[PDB]
Amino acid sequence: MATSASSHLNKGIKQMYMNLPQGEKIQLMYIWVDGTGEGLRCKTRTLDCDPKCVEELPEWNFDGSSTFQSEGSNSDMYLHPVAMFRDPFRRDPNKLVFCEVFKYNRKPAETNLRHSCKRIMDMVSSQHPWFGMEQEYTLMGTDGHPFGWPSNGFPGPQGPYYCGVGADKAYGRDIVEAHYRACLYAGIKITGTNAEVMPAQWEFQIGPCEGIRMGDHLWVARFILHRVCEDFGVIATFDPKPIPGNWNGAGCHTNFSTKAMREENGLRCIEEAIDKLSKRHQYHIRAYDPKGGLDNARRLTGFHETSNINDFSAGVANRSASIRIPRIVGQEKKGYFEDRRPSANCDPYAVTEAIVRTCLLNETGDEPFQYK
Amino acid sequence: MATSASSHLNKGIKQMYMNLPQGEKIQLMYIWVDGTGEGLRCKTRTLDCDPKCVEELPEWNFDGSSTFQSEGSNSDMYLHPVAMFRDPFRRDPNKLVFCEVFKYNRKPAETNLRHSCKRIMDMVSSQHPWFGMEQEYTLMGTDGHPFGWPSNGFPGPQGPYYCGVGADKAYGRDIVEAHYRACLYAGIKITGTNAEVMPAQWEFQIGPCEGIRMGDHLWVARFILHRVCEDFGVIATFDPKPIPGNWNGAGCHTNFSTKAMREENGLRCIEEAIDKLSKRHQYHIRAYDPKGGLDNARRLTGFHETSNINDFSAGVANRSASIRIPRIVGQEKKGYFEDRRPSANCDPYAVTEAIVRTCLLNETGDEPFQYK
Amino acid sequence: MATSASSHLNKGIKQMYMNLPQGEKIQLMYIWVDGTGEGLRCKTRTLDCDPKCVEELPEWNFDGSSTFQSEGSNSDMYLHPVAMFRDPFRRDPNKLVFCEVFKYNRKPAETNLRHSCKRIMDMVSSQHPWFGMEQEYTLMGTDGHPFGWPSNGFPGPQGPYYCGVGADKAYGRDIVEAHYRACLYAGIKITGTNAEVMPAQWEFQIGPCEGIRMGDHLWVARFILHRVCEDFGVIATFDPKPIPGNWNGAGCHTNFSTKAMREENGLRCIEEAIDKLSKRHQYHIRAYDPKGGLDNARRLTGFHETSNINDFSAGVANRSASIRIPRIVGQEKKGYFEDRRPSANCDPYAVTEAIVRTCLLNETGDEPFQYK
Amino acid sequence: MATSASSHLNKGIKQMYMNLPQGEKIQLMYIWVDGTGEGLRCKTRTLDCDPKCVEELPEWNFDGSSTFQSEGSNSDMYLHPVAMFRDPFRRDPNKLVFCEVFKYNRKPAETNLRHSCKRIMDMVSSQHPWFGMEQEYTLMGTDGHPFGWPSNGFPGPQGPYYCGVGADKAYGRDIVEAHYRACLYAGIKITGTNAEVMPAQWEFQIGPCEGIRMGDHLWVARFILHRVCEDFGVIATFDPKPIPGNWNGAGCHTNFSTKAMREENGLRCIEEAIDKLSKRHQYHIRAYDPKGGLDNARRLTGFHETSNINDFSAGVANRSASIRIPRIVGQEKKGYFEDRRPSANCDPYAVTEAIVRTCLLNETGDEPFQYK
Amino acid sequence: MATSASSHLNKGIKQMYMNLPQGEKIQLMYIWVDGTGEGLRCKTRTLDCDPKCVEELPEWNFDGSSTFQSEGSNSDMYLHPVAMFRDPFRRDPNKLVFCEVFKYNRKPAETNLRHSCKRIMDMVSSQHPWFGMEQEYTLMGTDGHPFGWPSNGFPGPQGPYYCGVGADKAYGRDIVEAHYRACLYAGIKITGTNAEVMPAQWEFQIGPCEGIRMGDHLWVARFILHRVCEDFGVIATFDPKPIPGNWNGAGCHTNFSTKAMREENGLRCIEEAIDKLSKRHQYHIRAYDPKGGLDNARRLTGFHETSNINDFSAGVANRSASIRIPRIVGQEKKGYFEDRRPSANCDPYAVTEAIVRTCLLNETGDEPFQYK
């Protein structure tokens, strides 16, 4: 079983160095989404004093030609800091700084979907849309086989692994515990974790976050997971179908509510939103993964408690439908609904933008509107 | 010899992460019994503030179809918190929360035996029934062979291993020490441990616990053991006969006393109750393990210190029976008796409920009475 | 994956020694069935000259206190040569000698079923009963896990392995080829082989053999398999269900025909035989396994194209029925039928004796008749 | 790097057994195509005498439910011998027997394409159509990584490997040499081999074969390769794109000529055939791999000297076009043309049927004609 | 499990050298008993021509100080050739030459018991005493643990191993087969072999040999075993009780007959001989093991089928008796007593000399008589 070379370095030496008093200088690790829309990149600079707010952080630049985002002639791209978190890897006073990407002409990069999401959120800020997203992921070895699985083989049939405890049920819990503690320290609004049906597959839930903060929070959570995995020598994969066949896929279920939905008799608004989703289902399917269906397909086949990608279905407490209204929300007549369609590898900005455009702005047609 | 993949991860890194200050958020691990009656499941959520009592803990839900407990159409099940303990794995203020399972219609699940046991305990609360259970278990490697045995072979004959000390006598004492300390920290009323006759078999004793707390305590102790074993990469098995042949089986001896028995005089009450159980041997043998009786059979062969599968016997000082009256209890004419019949994999709620129904409610017949 | 220590000895040295001219002395390996009914034992003596026929071979004796057959006082048991074959392991002129076991008083041992089977065959020799048996077996490693399976894991789902070719489809074909060639050299009337559905499970077919020779051939075939496996360091298991669950079991399907059945319009006799089997189904099931019904029950479940142990079910070209009439036999109105009920670990002597007693002697009742 | 368990068995023991004189009995290995259209299955029976021609071989049956070819109620399938070859694995007098598959009613199975191909060939037998097919394949380890590649890595860039010699250039030449010698011994008209551009990828060429023999020959050649690979413990894959990205795909280039094409001024016939292909390109792309174009789409991208799956192109000595006329054929104005479109995993019967139907029978439309 | 370094040398190279034509020179391996009475020593010289009889072989000398047989000042000892056998290790025309050891003054060495045995045999040559000896031995690894046993552990309980077949039953059969074939080639009168009760323990039987030749044969057989073991890298031990506990030890049962016993009504002579043996006990148990009781007194515990070292107990069958008289003898009034008392490590010359002195010469007292 092959773990990364980096994981076999003596970590006690690393701990010896990390315990040195750092002094007055502060490390800022800038994180940004690359040109593929799935990968995260990061690099660190030293600042002289502790920044009080995100507006005090300097803009930076990077080579876009190395990240699949620009041509060689004008390869400089700009990093604009947008969110600041405590750094769980380097401890206080160091910070994680999530940034937006701009082109050489100061136009949004092709994958900078936060900019448009921010516009939509400013337009609908008065209704306070809340999102919760459940990010499923699979721990893999560096050889591409799932972590903890028998070499060149499969574990026992599905059943004992969901929320399992024991050496034969849960593979890689150390990673989940480390990620959970790191997220809590950093200030991400992580609300829980559970083992998924497939061994070595896990799910963490972020939320409820208001508006643009979801993307800020979710992306950084993914980064922290990768970093934790890097320390341990495993790979977190967000592929919607890591193992073909009867093994469960990975989704990113999105719970959505508005002020009207959360207040008394808000179920009516829930039904209106779901009805609108019924009218743009194909647009949303195109919106819920970076490759436009070419990924979401493998998973959603119409089994293993997933919806069929082609047919929209709705029901109360129906875990196999495209949209599920939780039973408690139905009983209390207020709350949220759960869109079960997004793939695990989705860009959260695209998902939230599509949901708000369809449900709240009453948009129609295949292309999003451009607003003044 | 195969330890789990998770056990080979660098635990110093995990310790590095666990030392981060967690802040104000609190992790709650919900634990519940699954559809098999032997396995435990768990998942964790984050709460914003410190709960003061068990009544403050929120209800939760899970997918019952993945735990052999529901059909696909109405797969949601409910977790009602019933017991709260300190979390020994994550330290204060985090908690382990043991829960009852309810169906979609708010009826007790098939394996939610705590509900009826709690009812019976409320019915007999004035007599203060005390129970003690001696849980035997075997440490196994992930390859299915007992931990520490020679590969594809057998250690020396039984004899030197019971309560043994030395590299050749006790296999896996680190696990017992870790489990013991974790149980003490969590607040389980663990009263002792000893190495059993077969190498790698250990026994811990819980009690004396009053009424319903035994099931609450015993189940959570089992969970902690699995979790400790998970950290170490071994598997705790409660199978009543893990290795066929001359190797000792695993039982769950149940010490039983009432308030009347503990007071001056009462040995008589022991003998009468003994008689009662005698008449309803089959019944108890049915209540005392999951799989009908088949499981216990492989253990209660009669040769290696056990009672034949079909025979009630009682005496003072005799390890060749089903119920033992301790010598000191006989001499002082007060105390408890030891039912030696329950299998190691028994559900404690079933055992305690059957014992109370027979000894305290003077029930007769094959089916338990329904009370108003 | 652990192969036997013996298999790691340098086989080139063995080959160096085996090529020395042996001279005039001849090695005879005496083979006999032990007290369990499944194990085979053997030992070798040197004779001075080449025996021309089986009657020239001397009777031998052995100690019966170890091979679980006898007990105290009288132990010596007698081996009477009954079948002689060429030695495929040592080549001509050496021989394998299969023997009957007799007690000190020259009465047949409890497991010496050849004596009675031979009696019945002598009684029915004029009708020339022919049998063919398809012996399925599983190749296992010395650690008790099936050979070629991933360590502590399972291969892919059933489907690609039956009669498979390729490194990922057929595990252990070398064993099958060696066994097959050895059987042809020895003179066993082996008629074919194929890979079965579960990986590492294979089936060889012996027959059509007339009367007692069938048993003689089949037992010796099993010995050769063990010996071949011994050379290679793997273990052949005849357990009817080596791996629990959805993995295929191992059976010993028995094709039966008589002279009358093989002639024109012989189908009527086949149907008569089937009716008699239908009248003695329980006797035959009891006669088809060692432990005593506790083996065949694990295989004959009604799934995976097996009959249910309790119900006698015919069916032309019906591969799931208790009795199948092959299609060609049905179309031509003559031939054999296939009894699918015997377990892989059956004693062939018991199956053929019971079948002949029911179908040809028109016997009834639970106990065998005593003939003059 | 993980080779199969079977390959680590001591092959000297196997050689010891194979050198035993086999005697008069003969082994016949029946080979057939399974329900997937790519896999081959085989099983062996013993015959009493040496068959002189293929018509003397008996029909056989097998269980179709295990090969994805029938339902449970009528699971018997029939093997009709159609081609006989010498067995290179067991030597004379043993034989390999390639068979057609029939249903219980003697109708051709869904994947039994030989029946129709034979019909078409009989209809056009007077023109003596000759085909040559170039079967490319990749040697893989049992871990799913190409054989000889660095663990979890890639060899050097493409360039040095095509027809390479040396330990660092050609991976697995022993397999190619063994396969070549086995094919020559069996009597297959194998005409050459070369190392392909990707390391561990090889190509062998079969032909020129007349009509139906192409499929008979090619399938058996594939079987021999799998068997050779089985001995060595590697897996031969015919996947058209075994490794995504810039690594070369595997094709099955088909050289086609008729008697008219081979005669003086036959270039005109070549151009006419190419013109017809231009009119039925889409039908042929659908016909040239077993999944209707899905497999071939991964290979025919327009890069790496492959044609684009959507556009037909033709040229003299143009290796990237859909159809290439070799330069020497163009200069001499007679010969064959090379269809470069078929995927490596194609069924040769489908390719030859489509080519003959389009080029020689002047068929048009999407569905094949039914002839009297 | 640790085999010797010598066994890991490439034996193919050795085989390459051994096939070279040896020419006219001949290798003679001189073998002699060392000062311990258990070890064998050997060295080889080249002779110019093929000796026709044993009288043509030259006397040799060696350094006795290295073999615990002489002092430093006069350390030269003499080897007198006494028996010549074909060399199975070097093939014809090479020979093994067993020798007597003489001191510098031409007096027999302390361990040269052959001289006196030859004298006694010459004295009783007219009665033709025949002996057969059954030599049990245990195969050990070079680490001192029994060969094939699990590392630092024990195999399963005794029972399945006696005369066992299979990878899990018989450890080291290659060695037994090689030794057997080598003995046959060399001309030793080996009469059979069988696996013993303890795994890795085997027994071979030599005889019937007349008089002194028995010792010649047995010693040389032991040498061949050591040499065979040397090739395989294991150690043959004759230590009376190989591994302490419930593991069977090793004996050398001696079958004895005279010409008178073998003729009609010879049973009377058998009874007379047994009566004489009854009149000499401790003498025999001090001449049936290199160092008196000590070693032997670890086997004859009388528990695991042995004769409690204390008293004799003639008995038909009675396997656990001192001098067994096989049933055959009893019901045939002729046969051979089986002195079941000598240990496996006995000097055969001492056993046969003592038996002849007691049974045939009617000697009495503790010390042997000196004859003219």
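- By the method listed in its record, cryo-EM, this PDB entry was determined to a resolution of 3.9 Å.

### Description of the overall build of chain A
Argument step 1. On a plain count of helices and strands, chain A comes out with nine helices and 13 strands.
Argument step 2. Summarising its shape, the C-alpha atoms of chain A cover approximately 60 × 55 × 40 Å along the three principal directions.
Argument step 3. Across the 372 residues that make up chain A, the buried fraction comes to 56%.
Argument step 4. For chain A, the accessible area works out to roughly 15400 Å², and carbon and sulfur atoms hold 51% of it.
Argument step 5. In chain A, the 44 positive side-chain charges and the 46 negative ones have mean positions that sit 2 Å from each other.

### Here we look at the relation of the copies chain B and chain C
Argument step 1. Mapping chain B onto chain C leaves a residual RMSD of 0.5 Å; the transformation is a rotation of 180° accompanied by 0.4 Å of translation along its axis. Here the symmetry operator amounts to a two-fold rotation axis. Within chain B, the C-alpha atom positioned nearest to the axis of rotation is that of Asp143 of chain B, 4.7 Å from it.
Argument step 2. Interface overlap between copies is the fraction of interface residues in one copy that are interface residues in the other; for chain B against chain C it reaches 100%, indicating a shared surface.

### What about the packing of helix 3 (residues 173-186) of chain A against helix 1 (residues 11-18) of chain B?
Argument step 1. Running from N to C, helix 3 of chain A and helix 1 of chain B point in directions that differ by 25°, and their axes come no closer than 9 Å. For the element pair helix 3 of chain A / helix 1 of chain B, the angle class is roughly parallel. Relative to helix 1 of chain B, helix 3 of chain A is oriented so that their crossing is left-handed. Contact residues: helix 3 of chain A offers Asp174, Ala178, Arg181 and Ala182 of chain A, while helix 1 of chain B offers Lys11, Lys14, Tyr17 and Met18 of chain B.
Argument step 2. Here the residues of the contact of helix 3 of chain A with helix 1 of chain B are counted per class, giving four nonpolar, no polar and four charged.

### Observations regarding the relation of the copies chain D and chain C
Argument step 1. Take chain D, turn it by 72°, move it 0.2 Å along the axis, and it overlays chain C with an RMSD of 0.4 Å. In symmetry terms, the pair is related by a five-fold rotation axis. Of every C-alpha in chain D, the one belonging to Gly12 of chain D sits nearest the axis of rotation, 6.5 Å from it.

### Concerning the UniProt feature "binding site: ATP" in chain A
All names here are of chain A.
Argument step 1. UniProt feature "binding site: ATP": in the numbering of this structure it lies at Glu134, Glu203, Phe204, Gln205, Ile206, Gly207, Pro208, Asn255, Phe256, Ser257, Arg319 and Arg324.
Argument step 2. Along the chain, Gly207 falls in strand 8 (residues 201-210).
Argument step 3. Discounting residues that sit within four places of it in the chain, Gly207 has contacts with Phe131, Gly132, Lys189 and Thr191.
Argument step 4. Tracing the sequence through the fold places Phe256 in strand 10 (residues 252-257).
Argument step 5. In this structure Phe256 comes out as buried when scored by relative accessible area, which is 1%.

### Observations regarding the environment of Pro150 of chain C
Argument step 1. Summarising the element assignment, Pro150 of chain C is placed in the loop between strand 6 (130-140) and helix 3 (173-186).
Argument step 2. Residue class for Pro150 of chain C comes out buried when judged on its relative accessible area of 9%.
Argument step 3. Considered as a pair, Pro150 of chain C and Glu100 of chain C are 50 residues apart in the sequence and their alpha carbons are 42 Å apart.
Argument step 4. Setting aside residues up to four positions removed in sequence, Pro150 of chain C forms contacts with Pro150, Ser151, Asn152 and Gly153 of chain A together with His145 and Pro155 of chain C.

### Considering the arrangement of the chains
Argument step 1. Chain B shows no contact with chain D. Their nearest C-alpha atoms sit 18 Å apart.
Argument step 2. The two units chain D and chain E never meet; even their closest C-alpha atoms stay 12 Å apart.

### Looking at the pairing of strand 4 (residues 76-86) of chain E
Residues and elements named next belong to chain E.
Argument step 1. Where strand 3 (residues 60-63) and strand 4 come together, four bridges link them in antiparallel fashion. Residue pairing in the sheet places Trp60 in a bridge with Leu79 of strand 4.
Argument step 2. As defined by bridge partners, strand 4 adjoins strand 5 (residues 95-102) across eight bridges and the pair is classed as antiparallel. Looking at the pairing, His80 lines up with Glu100 of strand 5.

### Description of the pattern of salt bridges
For side chains bearing opposite charge, pairing can occur when the charged atoms are close.
Argument step 1. Taken as a whole and assessed by the stated rule, the structure comprises 112 salt bridges over all chains.
Argument step 2. Where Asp174 of chain A meets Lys11 of chain B, a salt bridge forms, and the shortest distance between an N and an O atom there is 2.2 Å. On the criterion of chain membership, the pair formed by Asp174 of chain A in helix 3 and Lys11 of chain B in helix 1 is interchain, its members lying in two chains.
Argument step 3. Residue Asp174 of chain A is classed as buried on the basis of its relative accessible area, which comes to 2%.
Argument step 4. Put simply, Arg173 and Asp174 of chain A together with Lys11, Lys14, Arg227, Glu230 and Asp231 of chain B are held in one network by salt bridges that share partners.

### Topic: the packing of aromatic side chains
Argument step 1. All told, the structure shown has 51 aromatic pairs over all chains when counted by the stated rule.
Argument step 2. Summarising the aromatic geometry, the rings of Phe154 of chain A and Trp247 of chain A are spaced 6.4 Å apart at their centres and angled 10° between planes, so their arrangement reads as stacked. In this pair, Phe154 of chain A is assigned in the loop between strand 6 (130-140) and helix 3 and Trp247 of chain A in the loop between strand 9 (235-237) and strand 10, connecting sequence segments 93 residues apart.
Argument step 3. For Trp247 of chain A, a relative accessible area of 10% translates into the label buried.
Argument step 4. Here the aromatic cluster, defined as three or more aromatic residues joined through ring pairs, consists of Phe131, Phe256 and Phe337 of chain A.
Argument step 5. Stacked on the ring of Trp60 of chain A, the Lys or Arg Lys43 of chain A has its end atom at 4.2 Å from the ring centre.
Argument step 6. Lying across the ring of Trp130 of chain E, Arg262 of chain E places its NZ or CZ 3.4 Å from the centre.

### Quick look at the side chain of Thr67 of chain A
Argument step 1. By the secondary structure assignment, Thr67 of chain A is in the loop between strand 3 (60-63) and strand 4 (76-86).
Argument step 2. Those residues in contact with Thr67 of chain A, other than ones at most four positions away along the chain, are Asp34, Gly35, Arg41 and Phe62 of chain A.

### Side note on the sheet that holds strand 4 of chain E
Residue and element names in this part refer to chain E.
Argument step 1. The mixed open sheet is built from five strands, whose spatial order is 2-1-5-4-3. Since the sheet does not close on itself, it has two edges, and those belong to strand 2 (40-47) and strand 3, each with one partner. Each adjacent strand pair in this sheet contributes to an overall mean axis angle of 40°, direction not counted.

### Here we look at the sheet that holds strand 1 (residues 26-33) of chain A
Whether parallel or antiparallel, the strands of a sheet pair through hydrogen bonds between backbone atoms.
Residues and elements named next belong to chain A.
Argument step 1. The five strands lie next to each other as 2-1-5-4-3, forming an open sheet whose pairing is mixed. Edge positions in the open sheet fall to strand 2 (40-47) and strand 3, since each of these has one partner strand only. Strand-to-strand twist in this sheet, taken as the mean axis angle between neighbours without regard to direction, amounts to 40°.
Argument step 2. As paired elements, strand 1 and strand 5 (residues 95-102) share four bridges and run parallel to each other.

### Remarks on helix 2 (residues 114-123) of chain D
Residue and element names in this part refer to chain D.
Argument step 1. Here helix 2 has its buried residues at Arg114, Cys117, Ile120 and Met121. Buried residues of helix 2 fall within an arc of 125° about the axis and therefore sit on the same side.
Argument step 2. Residues of helix 2 that are buried make contact with strand 4 (76-86), strand 5 (95-102), strand 6 (130-140), helix 4 (213-232) and helix 10 (348-359).

### Focus on the interface of chain B and chain C
A common measure of how large an interface is: the accessible area buried when the components associate.
Argument step 1. Between chain B and chain C, the residue contacts involve four residues of the former and four residues of the latter.
Argument step 2. Between chain B and chain C lies a buried interface of about 210 Å² when both sides are counted; carbon and sulfur atoms form 31% of it.
Argument step 3. On the surface where chain B and chain C come into contact, there are zero salt bridges.
Argument step 4. Counting across the interface, chain B meets chain C through two residue pairs in polar contact.
Argument step 5. Residue composition of the side of chain B that touches chain C, grouped by class: one nonpolar, two polar and one charged.

Criteria and thresholds
Residues numbered from 1 in each chain as written, not as in the entry; some residues may be left out. Chains lettered and ligands numbered in written order. Part of a larger assembly, values for the part shown. Heavy atoms only, no water. Residues with missing side-chain atoms left out of burial classes, pairs and counts. Helix = DSSP H or I, 4+ residues; strand = E, 2+ residues; numbered from the N terminus. Buried < 20%, exposed > 50% of the residue type's maximum accessible area, 1.4 Å probe, protein only. Areas by Shrake-Rupley, 256 points an atom, 1.4 Å probe, with all protein chains shown as cover. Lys, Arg positive; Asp, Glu negative; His and termini not counted. Charge placed at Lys NZ, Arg CZ, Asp CG, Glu CD. Least-squares fit on C-alpha atoms. Contact = heavy atoms within 4.5 Å. Axes fitted to C-alpha atoms, helices over the stretch in contact; angles between N-to-C directions. Parallel < 35°, antiparallel > 145°, perpendicular 65-115°, else oblique. Left-handed = near helix turned anticlockwise from the far one by under 90°. Nonpolar A, V, L, I, M, F, W, Y, C, P; charged D, E, K, R; others polar. UniProt positions renumbered as here; feature names shortened; annotations may be inferred. Pairing = 2+ DSSP bridges. Salt bridge = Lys/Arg side-chain N within 4 Å of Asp/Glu carboxyl O. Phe/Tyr/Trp six-rings, centres within 6.5 Å; stacked < 30°, edge-to-face > 60°. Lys NZ or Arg CZ within 6 Å of the ring centre and 35° of its normal. Arc of directions from axis to C-beta. Buried area = accessible area lost by both parts, 1.4 Å probe. Polar contact = N/O pair within 3.5 Å; in protein donor to acceptor, adjacent residues only side chain to side chain.

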